[PDB]
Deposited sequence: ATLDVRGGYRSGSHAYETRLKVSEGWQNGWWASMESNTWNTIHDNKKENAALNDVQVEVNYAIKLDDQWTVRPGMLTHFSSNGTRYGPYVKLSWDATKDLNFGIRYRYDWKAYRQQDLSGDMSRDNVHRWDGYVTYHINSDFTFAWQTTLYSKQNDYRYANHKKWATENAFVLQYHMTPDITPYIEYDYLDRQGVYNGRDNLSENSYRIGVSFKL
């Protein structure tokens, strides 16, 4: 199993975040994770499970679900991820997730609806050498219903860039930059450029 500890700062929202995440995978193909996230402007819990269906030596499909709890209520995210181990050192992934909210919120028409979201994620991971792995995750999400993001649009993006250092077989420090679109909100103003800078470490328990 792996414990991941991460700290970050978001420039638009002027917010620190921390994450503690524990994950395990099994030989039968199951995988599960649980995490807690904190956010402090100058909490949530998520649980995820999936299963690997091996289509051949290089291709895997993982149906799964992400459940998310916060002050507003519960959100469920059933998904299917397709992964391709193109080489020993290069992996690609694509995931569709439907983030469905178990609670209603006021929409832009004044009605109480569900702020459900269609979410797509692309993944590239490249093992550069014994010392370094570089990962990029690109994200698009769009509103199913009559809502908008803080960028004033029905859609938004995230792009995350992670450099992992394989310090020991069981310890992997990493640094990360994310651009989270103009989703920053601070001091009563939205549409702020949201740069995110993170540092963390992943280790074997």
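- The deposited chain is incompletely modelled, with C-alpha atoms absent only over 43 to 52.
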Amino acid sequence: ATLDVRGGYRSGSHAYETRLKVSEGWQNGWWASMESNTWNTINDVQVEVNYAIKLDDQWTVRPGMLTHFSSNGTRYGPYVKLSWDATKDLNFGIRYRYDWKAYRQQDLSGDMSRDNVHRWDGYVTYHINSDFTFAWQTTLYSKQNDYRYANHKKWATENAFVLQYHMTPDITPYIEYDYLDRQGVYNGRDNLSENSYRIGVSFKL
From here on, numbers count along this sequence of modelled residues.
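- Stretches 178 to 186 and 15 to 23 differ in mean C-alpha B factor, with the higher average recorded for 15 to 23.
- Relative to one another, 128 to 136 and 109 to 117 have unequal mean CA B-factors, and 128 to 136 is the one with the higher figure.
- Comparing the C-alpha B-factors of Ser33, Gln164, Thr38, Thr60 in the entry, the top value falls on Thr38.
- Across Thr172, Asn50, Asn43, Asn151, the entry's maximum B-factor at the CA atom is seen for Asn43.
- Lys81: CA B factor in the middle third of modelled residues in this chain (values from the PDB entry).
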